[PDB]
Number of protein chains: 6
Amino acid sequence: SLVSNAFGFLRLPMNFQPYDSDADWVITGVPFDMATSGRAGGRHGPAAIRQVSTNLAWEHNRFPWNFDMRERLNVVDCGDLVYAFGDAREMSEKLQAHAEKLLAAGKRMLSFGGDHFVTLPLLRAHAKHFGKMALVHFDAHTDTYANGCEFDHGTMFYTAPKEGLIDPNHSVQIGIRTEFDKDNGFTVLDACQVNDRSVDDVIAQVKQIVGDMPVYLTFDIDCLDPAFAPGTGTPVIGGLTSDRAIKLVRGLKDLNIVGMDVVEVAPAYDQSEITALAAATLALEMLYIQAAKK
Amino acid sequence: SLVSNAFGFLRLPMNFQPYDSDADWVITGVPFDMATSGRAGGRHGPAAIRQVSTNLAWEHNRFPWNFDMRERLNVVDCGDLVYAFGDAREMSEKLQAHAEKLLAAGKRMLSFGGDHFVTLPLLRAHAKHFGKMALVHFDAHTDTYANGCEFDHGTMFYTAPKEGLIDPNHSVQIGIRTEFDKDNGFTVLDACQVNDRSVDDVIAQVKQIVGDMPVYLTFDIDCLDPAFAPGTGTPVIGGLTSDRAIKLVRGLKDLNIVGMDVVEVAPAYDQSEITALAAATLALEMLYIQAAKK
Amino acid sequence: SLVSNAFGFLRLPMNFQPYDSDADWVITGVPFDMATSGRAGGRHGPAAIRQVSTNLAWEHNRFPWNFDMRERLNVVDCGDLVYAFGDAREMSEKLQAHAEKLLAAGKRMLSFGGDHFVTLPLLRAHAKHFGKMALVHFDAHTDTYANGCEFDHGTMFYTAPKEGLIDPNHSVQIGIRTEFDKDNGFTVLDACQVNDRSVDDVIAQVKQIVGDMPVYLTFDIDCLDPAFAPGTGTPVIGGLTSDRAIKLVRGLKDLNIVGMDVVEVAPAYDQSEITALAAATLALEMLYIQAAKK
Amino acid sequence: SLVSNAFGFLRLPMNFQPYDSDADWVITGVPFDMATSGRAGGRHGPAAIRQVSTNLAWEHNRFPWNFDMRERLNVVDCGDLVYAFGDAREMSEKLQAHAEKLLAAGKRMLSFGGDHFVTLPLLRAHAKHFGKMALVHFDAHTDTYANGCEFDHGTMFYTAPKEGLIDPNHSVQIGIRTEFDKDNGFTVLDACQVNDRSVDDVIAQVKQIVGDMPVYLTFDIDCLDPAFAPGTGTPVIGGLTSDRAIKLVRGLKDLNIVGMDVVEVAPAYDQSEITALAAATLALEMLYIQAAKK
Amino acid sequence: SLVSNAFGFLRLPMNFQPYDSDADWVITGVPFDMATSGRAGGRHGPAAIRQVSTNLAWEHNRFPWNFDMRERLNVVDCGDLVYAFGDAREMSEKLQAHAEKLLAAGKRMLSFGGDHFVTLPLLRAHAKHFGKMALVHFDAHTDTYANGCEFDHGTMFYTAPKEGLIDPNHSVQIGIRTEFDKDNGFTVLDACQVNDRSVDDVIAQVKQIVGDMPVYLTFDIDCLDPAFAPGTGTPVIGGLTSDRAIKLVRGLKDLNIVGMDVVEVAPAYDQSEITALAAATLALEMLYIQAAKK
Amino acid sequence: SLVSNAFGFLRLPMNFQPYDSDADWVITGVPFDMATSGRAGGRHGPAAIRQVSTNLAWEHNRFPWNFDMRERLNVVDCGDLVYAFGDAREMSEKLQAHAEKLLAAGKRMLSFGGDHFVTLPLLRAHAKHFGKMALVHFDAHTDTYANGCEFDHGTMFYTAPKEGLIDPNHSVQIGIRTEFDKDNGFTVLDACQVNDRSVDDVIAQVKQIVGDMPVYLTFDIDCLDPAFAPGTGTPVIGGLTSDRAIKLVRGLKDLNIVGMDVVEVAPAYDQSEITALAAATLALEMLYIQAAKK
Ligand SMILES: N=C(N)NCCCCN
Ligand SMILES: N=C(N)NCCCCN
Ligand SMILES: N=C(N)NCCCCN
Ligand SMILES: N=C(N)NCCCCN
Ligand SMILES: N=C(N)NCCCCN
Ligand SMILES: N=C(N)NCCCCN
Ligand SMILES: [Mn+2]
Ligand SMILES: [Mn+2]
Ligand SMILES: [Mn+2]
Ligand SMILES: [Mn+2]
Ligand SMILES: [Mn+2]
Ligand SMILES: [Mn+2]
Ligand SMILES: [Mn+2]
Ligand SMILES: [Mn+2]
Ligand SMILES: [Mn+2]
Ligand SMILES: [Mn+2]
Ligand SMILES: [Mn+2]
Ligand SMILES: [Mn+2]
Ligand SMILES: [Mn+2]
Ligand SMILES: [Mn+2]
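Method information in the entry identifies X-ray crystallography as the source of the structure, with 1.80 Å recorded as the resolution.

Structure follows, in structure tokens:
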């Protein structure tokens, strides 16, 4: 083989027909953006994450694991959703259709954004297959705005509870450091207390909030402090280090995580690919916690 | 005066109530953006142009003129349109209302984008006051797409002729170097021939196409080659130098230019403010050709 | 209102005649620079802070407060000092005159630099109205050089104690990580110990040093580690995180802070506006600790 | 189709098994680098060109052509050579093997570098299928060093004539502006005269030097002036504009060009993707001159 | 003196003939690079460190020391190794020869890379003069690859123990956060535990592993998290802060450190010189711990 | 020689005691800056030019010359003036003293700025040795301000004629594109006409203005368009290409040029070292036109 099908995330094989493949996990890129009050995310966050992820591919057993995820899980990259270039409605319809087809086939999904709005169609499809979920949500923002429209940025986790896709009472939002509503049922572990508490202390509280519910894990890269993730459309100071974030993600290993995504990487604002690298490393860690179960 | 009202473009006085002022020309910022197939323009193009324009303010008589524009014209900066943060429809309604109020009062407008879509509401208001206009359009793109919707990026100069706002047969598009429709009535002076012909030759042809019609002058900064204007959402190689562009704009002096704008400056892609500087210099040149008449 | 007077810091109203206004607090920009042994700060630090501060304006009650500062305090932005473009003497004379006029009128000041030298004229005016003050000083540098001239960079807090403007014995310098003089009366809480101690421990010591004296709060952004504040003229490694800095500023709430500034933001060295964002967030936090008293 | 095989250059279909496909032209990426006396090219030049090429894909008939290349030519992207990460010998052996297999199958090649050294293995394979070729070589450097080793950077066009792969007497080197050997048989059209002469004049001379020989076209992006192509390992001032370069490439339409490449794009030194964009546009123009024959 | 010999690191005197000088310590630059699977380091890491080090030179007694290193140690900068531009073998032969000549003369060495491969020739020369050493190694990578060739990147600390240059059983690797071999005798203090433990706790363990052996101290700047050191060829998230790193280096004061280096600064990926600044500050701290003994 | 005295511009030997050396030409760096109305130049322009100049050193006979300058001229680099870090008066006194000592010894000078103000002390020393000179001045600015003080930026060529150092009537200013005084005796060849006329036409006019007077050649890099020289404190659009500038400098070969400098390179605003590279190439061309006479 002089040229090869090893062109996707972590040099994994591409499969443009994933639904009836032998894959366990399928990576989908959704380079969807919408006009915001601040900067736009752009159309290259899936591409920047894939490109920088070659920094991680040489490790046979990614630190600190004692196995190779690739020998426990069959992971393929199906490329990008064609309708990510449509408006919020068109993108949502096609993404939910893509997701339902994969979940019905027994595949699970790691998806890369794109604006955080991509998580709402994913949650609609996941709720159909797995039932109402607990949300584990890393972000500087709660995204529970209740006064905007159905397709507005920052409203996904008002709509999701209203549609019964997630149980807010068993959901946790980690790293929040912008105005939020204390009485909507979500448990907000704000960045101030998360930076001051030990990882094990936070993880113990997350496990007790989530319980045994199926979990959708959604990681907005702007959860990280802008020193570690300058490449994002809506930065907020006082965030998490990449050390603390990856340790928190590893601590989620014993949860029943049924799907996950990483969103808001904005390459136009990245500095020496550090934001894309943090996103790729967190995404690989999400695959490792799944493979640790097998 | 220890602090002062000299905070706008070229340190000109700000006036947030311009409609009944003594101004001859009013500068308006429209930091409007929409989701595109490529990069987003962002919300700081008016701000970047204003900021860098201090490089030009120290010249009493801006080169190469033998007068000071500020002693012939009363120019104020009214800030930014509040609805530039709305969708294409909301922005258009408010911008056209703003423009009609200024033109009805006898003011004329230099406006800064923002996406090129801002020119369509401006043309609607200008046609009401001045009648059907000839368009002088600098761009790498013709923006005459006829198969998208009424608020889509790149459709403004299909809609404008259809609404009778401009006469395409007396309009000229300069710097085009992307696919265009040869039979829609616009005269396309593509960048290949514009770079090969003398300025006077091009200007003579523009004057004969435009004739004596009132002219709306719209300058997309991506008319300049990306070496001179890297800060734009839709770059295309093989463009104009800033030398040739400013010489072409100066050659328009004898036309009856009733309004003008400069659009598509994307500061997130700018390099050492050169794109914003070129936009500010072209905008100042547009004021000079007006003041040269007085 | 199609265009509006909401063009300043945090989109607050501009008022170019603040002295007899209804404002409680007035923001002044001083884009003053001087030749240094290292990099120059430039003339856009006030502008970069204002521009990025729109990221904070959408929060009605800025996290983590349970009120809106804008509903307790009348804050206006008076623009920039005209003489910030003069030499150190000319700038100082005009800034002190500006400040005395505001303080005599019962206004208080949040000022943005510009070089740290701007704090000396501010302290001269503040001492006249409030009496000798305790200085709370965040910096990597003590700025107590005693062998340079009266207008040299880095000498302000040798001159201030000599002129009786501050009491060094009740002043504290936080984040210092460059050579300093242990016996000049200032209490130096160096970055090594500040990074190792709890916030509450540091705050308790600051309160006991300062006591009940009126406090001038001056924040050099290079107090933050260059990972969080690369945009500064004189970076030093081993600094504070933005998390720790904002927590320290919040802990100053119960002090009698009569005036404050944020200096040394150098946009030419900024990376994705993170330094300007940290400066804008710290400045907003200073307004919140004032509004928390009302 | 919710996800698709449209992930390569210009969103063309990927085919990891191109040798027995229906393709007419096959794109291969060779992200090969070697230690140099100056900067290294890196491993992302194929990826940066592919990514930015989406700016060109929306044009059905790319300006200024009156047809769609994609409706005359079947072009696929086979990804990257696996051995581009080996040393100069390992890469050369695998690339020549890849190329021979494609040419023997009747495919033709557009290849992207990577260091310019990639052209030597390509020429070895092309000479086998097409016979000794005339080289049309755009570069600031002649790459005819005769005193280094067989795998050294900058020696390819000493070795190629010695191995009988090209006829130097019918080869032309365009844009040269570094020390060269006047008596080695190549015709050097240096950047000084190329910038001063008309395109048609240069093209007429190229046609007479090349005659009817089969042509290998190799474009080092550092032929362009660093204002247009800052993203390259070995910049030299006084180069070609992208306007002149694309016009020169279009003028080669009537030559018998049997293979072509674009090399030396160094994304770590690129500014707002302008170098990658120029490389992608030149590469698309090379496909258009081929499709213009059909 | 109108011009002066104060052109090297920290403005120290240059001496191009250091071997028979009065120097105690000699700084050597080795701008050596080799083709890697990731980015290349480049040829300006010695130059970038020297340039930014002027930020530290103004401190007479560098914080937090109570003496001036320059009054206890005679330090000169001998410039760069001429053969750093050769291949791994040529560079190694000349560097080891340079080092042996200095050590035989009673000088000690602070060296700047360049790729980490430069440490292997340095260790060969140091073992000859000081005997088998304990290695104190800061890195995200263990560089103990045992399946590559003798001159490959990342193999130095497989070869060194095999040649008896270091005792792996008394060596410690700090900050590791990539796949490593647990049973090769090195003690790996990975970044996860180093970030969670106190500095004194880590230092106590290092002292007990190293004992009284002579120590070679080698600092790969990619030990720091990419937020603090973006300018490096092989970044890995979850690293050390510059605060923790400098505190760890200061804690090594009581060890018998016979030579030291700082490697992998890649200026092409640096952001506002922060990586070069951290490297220069760590290097100055290494000189201070030596001067603290005198 | 394992390390070497080849650390200066073009890897030429450093000589910190140049006055009694065997040098014909001596390079001096003057990293002098002063507070301006725009950006500051900084303190690294000499260093950035030296660093990038290694791109030119490998050419034995620099293109397009048929000799090696280094075999006709003995050129050394004496480093930087120690007082460049003082104020305009202190710097001027020391620079003029440095220059007088070199010129009295029969050396000639190529100097690198630093602010353009450095040329005034150089002209004072040159007039003493060579007599009143003709100035050949490349710039976007005339620097003839007559209403500022004796040490202000932009006043040098008001003061120089007043002190009889240059004859304005035989001096020419090339590339001017900012407000200038038409009646002060200088001949202004503005960038508009210089870009439109042939090089030979401009050179013929320069030769006739200058005649046989001794010439001081001073090149402000902001003569180049900001696309080619973004790294400068005072950019102005519509400038010269680097092709045209180097051709103009080569055409000055037959003039009696007694000294020369290159100023205003501001590395903080440079993009991929292109401005420093253009400055280094122009400086090398100035040495070649001198060596062409021998
Ligand atoms: N939350 C954000 N990401 N941006 C600000 C928009 C305001 C929330 N409706
Ligand atoms: N024309 C542009 N600016 N972008 C590409 C969109 C395609 C035109 N409808
Ligand atoms: N302290 C600084 N900000 N810079 C260094 C100048 C030396 C103190 N006189
Ligand atoms: N030619 C280059 N690309 N670099 C300089 C190396 C010297 C030629 N042997
Ligand atoms: N370890 C590195 N620095 N890079 C990856 C190469 C793989 C180790 N042989
Ligand atoms: N000319 C400049 N370089 N800057 C503007 C200052 C105004 C001239 N006195
Ligand atoms: Mn979010
Ligand atoms: Mn968010
Ligand atoms: Mn347009
Ligand atoms: Mn356009
Ligand atoms: Mn300070
Ligand atoms: Mn400071
Ligand atoms: Mn080449
Ligand atoms: Mn080349
Ligand atoms: Mn840049
Ligand atoms: Mn290493
Ligand atoms: Mn490493
Ligand atoms: Mn950057
Ligand atoms: Mn000048
Ligand atoms: Mn100038």
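Colleague: Hey, could you run me through the coordination of the manganese ion (ligand 13) in this one?
Modeller: All names here are of chain D. Here the manganese ion (ligand 13) is held by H116 (ND1), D139 (OD), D143 (OD) and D220 (OD), and the distances to it run 2.1 to 2.4 Å. Between the manganese ion (ligand 13) and the manganese ion (ligand 14) the interatomic distance comes to 3.3 Å, and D139 is a ligand of both metals. One end of the pair, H116, is in the loop between β3 (108-112) and α5 (119-130); the other, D139, is in the loop between β4 (134-138) and α6 (156-162), with 23 residues separating them in the sequence. As far as burial versus exposure is concerned, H116 and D139 are alike and both buried.

Colleague: Help me understand the sheet that holds strand β3 (residues 108-112) of chain A in this model?
Modeller: What links the strands of a sheet is backbone hydrogen bonding, and the strands pair in either a parallel or an antiparallel sense. All names here are of chain A. Strand order across the open sheet formed by eight strands is β2-β1-β3-β8-β7-β4-β5-β6, with parallel pairing between neighbours. Of all strands in the sheet, those bounded by a partner on one side alone are β2 (75-80) and β6 (187-189). Within this sheet the neighbouring strands show an average axis-to-axis angle of 15 degrees, counted without direction. Looking at chain direction, strand β5 (residues 172-174) and β6 are connected through three bridges and run parallel. Along β6, the bridge assignment pairs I174 with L189. Sheet strands in contact with helix α1 (residues 45-52) are β1 (25-29), β2 and β3, and its direction is about 140 degrees off that of β2. Running over the sheet, helix α10 (residues 274-291) touches β1, β2, β3, β7 (215-220) and β8 (257-263) and is turned about 175 degrees from β8.

Colleague: Help me understand the relation of the copies chain D and chain A in this model?
Modeller: One copy of the chain maps onto the second through a rotation around an axis plus a translation along that axis. Of the two same-sequence chains, chain D is brought onto chain A (RMSD 0.0 Å, axial shift 0.0 Å) by a rotation of 180 degrees. The transformation relating the two chain copies, once decomposed into turn and shift, fits a two-fold axis. A shared interface surface links the copies, since 100% of the contact residues of chain D are contact residues in chain A too.

Colleague: How should the environment of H153 of chain D be read in this particular structure?
Modeller: Residue and element names in this part refer to chain D. For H153, the position within the fold is in the loop between β4 and α6. Residues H153 and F9, spaced 144 residues apart in sequence, show a C-alpha to C-alpha distance of 27 Å. Among all residues touching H153, those that are not within four sequence positions of it are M34, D115 and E264. Polar side-chain contacts of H153 include one of 2.9 Å to the side chain of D115.

Colleague: What am I meant to see in the pattern of salt bridges here?
Modeller: Two side chains with opposite charge may pair up if their charged atoms get near one another. Following the criterion strictly, the structure yields 90 salt bridges over all chains and no others. Put simply, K247 of chain A and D243 of chain A hold a salt bridge, and the shortest N to O gap is 2.9 Å. Residue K247 of chain A and its partner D243 of chain A are located together in helix α9 (residues 242-251), separated by four residues, close to a single helical turn. One exposure class covers both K247 of chain A and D243 of chain A, and it is buried. Across the pair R39 of chain C and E273 of chain E runs a salt bridge, and its minimum N-O distance is 3.1 Å. Of this pair, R39 of chain C sits in the loop between β1 (25-29) and α1 (45-52) while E273 of chain E sits in the loop between β8 (257-263) and α10 (274-291), on two different chains. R39 of chain C gets classed as buried once you look at its relative accessible area, which sits at 10%.

Colleague: So what exactly am I meant to see when it comes to the site of ligand 3 here?
Modeller: Residues in contact with ligand 3, as listed here, are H141, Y145, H153 and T234 of chain C together with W58 of chain E. This site is not confined to one chain, since residues near ligand 3 come from chains C and E. Measuring from a nitrogen atom of ligand 3, one finds a side-chain N or O atom of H153 of chain C at 3.1 Å. Burial of ligand 3 by the protein chains amounts to 76% of its free accessible area of 290 Å². For the shell around ligand 3, the residue count by class is two nonpolar, three polar and no charged.

Colleague: I tried to follow the coordination of the manganese ion (ligand 12) on my own but got confused; where do I start?
Modeller: Geometry reference: four tetrahedral donors at a metal, ideal angle 109.5 degrees. Six octahedral donors, ideal angles 90 or 180 degrees. All names here are of chain C. Every protein donor of the manganese ion (ligand 12) is listed here as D139 (OD), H141 (ND1), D220 (OD), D222 (OD) and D222 (OD), and their distances to the metal cover 2.1 to 2.5 Å. Donor residues for the manganese ion (ligand 12), ordered by position in the chain, follow D-x1-H-x78-D-x1-D. Taken as an interatomic distance, the gap from the manganese ion (ligand 12) to the manganese ion (ligand 11) is 3.3 Å; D139 donates to each of them. With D139 in the loop between β4 (134-138) and α6 (156-162) and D220 in strand β7 (residues 215-220), this pair connects stretches of sequence that are 81 residues apart. Of the two residues, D139 and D220, both sit in the buried class.

Colleague: I keep staring at the site of ligand 4 and nothing clicks. Help me out?
Modeller: As a structural note, the neighbourhood of ligand 4 is formed by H141, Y145, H153 and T234 of chain D together with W58 of chain F. The site occupied by ligand 4 is bordered by residues of chains D and F. Here a nitrogen atom of ligand 4 sits 3.1 Å away from a polar atom, N or O, in the side chain of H153 of chain D. Contact with the protein chains covers 76% of the free accessible surface of ligand 4, which is 290 Å². In terms of residue class, the shell around ligand 4 is built from two nonpolar, three polar and no charged.

Colleague: Before we go on, may I ask you to explain the side chain of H116 of chain A in this structure?
Modeller: Residues and elements named next belong to chain A. For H116, a relative accessible area of 1% corresponds to the buried category. Of the polar contacts made by the side chain of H116, one reaches the side chain of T218; its length is 2.8 Å. When sequence neighbours within four positions are dropped, the list of residues in contact with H116 reads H137, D139, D143, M156, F157, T218, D220, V263 and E264.

Colleague: Would you mind going over helix α4 (residues 88-104) of chain A with me for this structure?
Modeller: At 3.6 residues per turn, the α-helix brings residues three or four places apart onto the same side. Residue and element names in this part refer to chain A. An ideal rise of 1.5 Å per residue puts 24 Å on 17 residues; α4 measures up with 24 Å between its terminal C-alpha atoms. Structurally, the start of α4 carries an N-cap: the backbone nitrogen of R89 is 3.0 Å from a side-chain oxygen of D87. One or two residues past the end of α4 sits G106, with phi positive at roughly 90 degrees.

Colleague: Is there a simple way to think about the interface of chain D and chain A in this case?
Modeller: Accessible area lost during the coming together of the parts is what is often quoted as the interface size. Listed as interface residues are 25 residues of chain D and, on the opposing side, 25 residues of chain A. In total, about 2,200 Å² of surface goes out of reach between chain D and chain A, with carbon and sulfur atoms giving 68% of it. By the criterion of area lost to chain A, the three top residues of chain D are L2, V3 and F7 of chain D, representing 35% of everything that side buries. Inspection of the chain D/chain A interface yields zero salt bridges.

Colleague: What is the right way to read the relation of the copies chain C and chain E from this model?
Modeller: Overlaying chain C with chain E gives an RMSD of 0.0 Å, the required rotation being 120 degrees about an axis along which the chain moves by 0.0 Å. Look at the turn and shift together and you get a three-fold axis relating the two. When each C-alpha of chain C is compared by its distance to the rotation axis, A227 of chain C comes out closest, at 3.2 Å. An overlap of only 13% is found between the interface residues of chain C and their copies at the interface of chain E, pointing to separate contact surfaces.

Colleague: Which parts of the structure should I look at to understand the side chain of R124 of chain D?
Modeller: Locating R124 of chain D in the fold gives a position in helix α5. Judged by relative accessible area, which is 15%, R124 of chain D ranks as buried.

Colleague: I'm lost on the interface of chain C and chain E in this one. Help?
Modeller: The interface of chain C with chain E comprises 23 residues on the first partner and 21 residues on the second. For the pair chain C and chain E, the summed buried surface comes to about 1,800 Å²; carbon and sulfur atoms form 59% of the total. On the chain C side of the contact with chain E, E179, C192 and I237 of chain C bury the most area, a combined 35% of that side's loss. Connecting chain C to chain E are two salt bridges. There are 14 residue pairs in polar contact connecting chain C and chain E. Class assignment of the residues belonging to the side of chain C that touches chain E gives a composition of 12 nonpolar, five polar and six charged.

The rules behind each value
Residues numbered from 1 in each chain as written, not as in the entry; some residues may be left out. Chains lettered and ligands numbered in written order. Heavy atoms only, no water. Residues with missing side-chain atoms left out of burial classes, pairs and counts. Donors = N, O, S within 2.8 Å, 3.2 Å for Na, K, Ca; no water. Helix = DSSP H or I, 4+ residues; strand = E, 2+ residues; numbered from the N terminus. Buried < 20%, exposed > 50% of the residue type's maximum accessible area, 1.4 Å probe, protein only. Pairing = 2+ DSSP bridges. Axes fitted to C-alpha atoms, helices over the stretch in contact; angles between N-to-C directions. Contact = heavy atoms within 4.5 Å. Least-squares fit on C-alpha atoms. Polar contact = N/O pair within 3.5 Å; in protein donor to acceptor, adjacent residues only side chain to side chain. Salt bridge = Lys/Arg side-chain N within 4 Å of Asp/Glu carboxyl O. Near = heavy atom within 4 Å. Areas by Shrake-Rupley, 256 points an atom, 1.4 Å probe, with all protein chains shown as cover. Nonpolar A, V, L, I, M, F, W, Y, C, P; charged D, E, K, R; others polar. Expected span 1.5 Å × (residues − 1). Buried area = accessible area lost by both parts, 1.4 Å probe.

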